[PDB]
């Protein structure tokens, strides 16, 4: 790519490999190593993509947006947070997309790109969320806590 690849790749059902690059693009690479397409964001893509059931590719960007990209490389939507999105998204069973932001919030975004809820931690959320079998969302914060957040966006507990 044109820059450091710190983003961690994700693999689609047809074998397409998606990865972000410091050069600001989300890349879609065919299994044979040739470019399928590249999608330009406004900043470094350190966030690692996640792939929804319908093939939508979600990734954060240093330009403060969470991107939802169709398998053809055209934008589905982008959601603006208050700060760099270095956290990597996780997708719930109903399609909700969860991601942390440098602006200290954990975001829950509906598949349509509208905010479901946002939960304020005390510091940047660089950690990438994990979703439990019951739907609990776990994520670390720069504020030293591991958070457990219920599906409705309320604190379950925080572990110092």
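Positions refer to the first chain, counted from 1.
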request  = Give the stretch, out of 23 to 31 and 116 to 124, with the larger mean C-alpha temperature factor in the deposited entry.
outcome  = 116 to 124
message = I need to verify one thing: averaged over C-alpha atoms only, is the B-factor higher for 96 to 104 or for 131 to 139?
response = 131 to 139
task = Going by the recorded CA B-factors, say which third of the chain residue 56 sits in, lowest, middle or highest.
result = middle
query = Among the modelled residues of its chain, does the C-alpha B-factor of residue 47 lie in the lowest, middle or highest third?
reply = lowest
message = When the deposited Cα B-factors of this chain's modelled residues are ordered and cut into thirds, is residue 88 in the lowest, the middle or the highest one?
response = lowest
